[PDB]
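In the block that follows, a single chain appears as structure tokens, in the form deposited in one PDB entry.
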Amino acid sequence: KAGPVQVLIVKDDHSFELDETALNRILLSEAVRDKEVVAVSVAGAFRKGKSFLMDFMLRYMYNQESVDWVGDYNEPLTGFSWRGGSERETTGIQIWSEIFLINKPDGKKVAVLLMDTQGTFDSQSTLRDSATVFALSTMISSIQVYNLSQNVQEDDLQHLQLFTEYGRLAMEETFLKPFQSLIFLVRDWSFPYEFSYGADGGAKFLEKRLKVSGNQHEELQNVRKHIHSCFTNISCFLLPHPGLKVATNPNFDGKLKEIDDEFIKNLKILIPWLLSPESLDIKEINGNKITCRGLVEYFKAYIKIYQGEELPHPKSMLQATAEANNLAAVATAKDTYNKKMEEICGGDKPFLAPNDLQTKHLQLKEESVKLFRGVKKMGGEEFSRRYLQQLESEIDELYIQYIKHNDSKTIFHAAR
């Protein structure tokens, strides 16, 4: 039987494991190992219908030849596990056990892999957990459907920038863009009168939101430039709300009869738009098309980097900004102390009596501390505590180095 397979597992201690046995069983089988691969992923915030969408992609993948691939209207939606409720469902990364072999309009036979991912910003996950899942799914997929609710907000762009930057760090250097197709899929688009449901309205909507212009503030420009530089092809699809039954009914199990017809109409456009043979983007790494065996080799290698400690840790705004503020303030403070001591006992300055040098040092040290205490920082004195002690500990070291210099110039005259 075909089924979902857990491939990347996120542990309770926030570490990550790759099930290589399971991965090899699927992608290294003789029928597919040497086929060029198309990898489709859906990712984004938790509880927003990723698995559900992905299960409709499955119906299409199996029954694409039929005009009614969308399914019997009384049949439940199965595959990757999905359900209602406010608690996250999908964890780590899972792939469908059956790799699809599809013929492209070029006579080419390709392997199609489907990837479902753990939602970002659930309440048991560190930012590192979420970033790793998102990054890994982006580096591996050739088509990434970035799933969003109702609108494309500035915080959505910021997250994407962060998560994709985390992906870039783990990759070999290239002048080419790191990734290929990105789709901003907007669920519950509420304004068809302004931008139509689907790809055309979506495209117009996205071009307005990702626009970079001369008078746009750099912070706004930069997050946008980052996204443009990452992906070869960027598109947007606006999907209508599927109706409150889909949203609210604890008994709903996916029967098309319970889904609003305008949603079904746009869904039938969306899936082939993603996944028809003419649309299947072959995975390229470093500008080279990759086979299923090669994809397994990049997957192992990338995971290894995220399991290690070479990468910087992803951090929240408060945490990262607090660190930045403190580090910068320690540097100014120390550097102020250091310039001033140079005027007292630099190499071109005379011997100073050690009692007087200690008095000037205490003066100068204190000025640097008061200087540091006085700079406002995220998040206040509490967070600063360990940095202030570092500042003092580091100034004392400089002072010790100055003492040695001063002592090498010592003058003593015997006198009654």
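We call the rigid core whatever largest set of C-alpha positions still superposes within 1.5 Å between the two forms. The first residue of the shown sequence is 1; numbering continues from there.
Not even a third of the other compared entries skip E207; each one keeps it along with the residues on either side. Figure legend: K304 is marked as modelled in all of the other comparable entries of the protein, none of which omit it, let alone a third. The mean C-alpha temperature factor is higher for 200 to 208 when 200 to 208 and 153 to 161 are set side by side. Higher mean CA B-factor, judged across 106 to 114 and 262 to 270 from the recorded values: 106 to 114. Taking only the listed residues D122, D129, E219, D281, the entry reports the highest CA temperature factor at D281. Among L182, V330, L101, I227, the highest C-alpha B-factor in the deposited entry belongs to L101. Among the modelled residues of its chain, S393 has a C-alpha B-factor that falls in the highest third according to the deposited record.
Ranked by C-alpha B-factor against the other modelled residues of its chain, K50 falls in the lowest third. The entry lists a Cα temperature factor for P240 that places it in the lowest third of the chain's modelled residues. Remark: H361 belongs to the middle third of its chain, ranked by C-alpha B-factor as recorded. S41: CA B factor lies in the lowest third for its chain, per the PDB record.
One more form of this protein exists, namely the form deposited in another entry; it is left out here, but the text below deals with it.
Just a single entry of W82, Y197, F231, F299 exceeds or equals a 2 Å CA shift between the shown form and the other one, which is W82 (rigid core superposed). Once both forms are fitted on their core, the CA shift for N288 between the shown form and the other one remains under 2 Å.
Core-superposed comparison between the shown form and the other one: the CA of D122 exceeds or equals a 2 Å shift. Relative to the superposed core, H361 undergoes a C-alpha shift of no less than 2 Å between the shown form and the other one.
The Cα-Cα distance between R88 and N147 is lengthened by 3 Å or more in the other entry relative to the form shown here. Relative to the shown form, the CA atoms of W82 and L113 are brought 3 Å or more closer together in the other entry.
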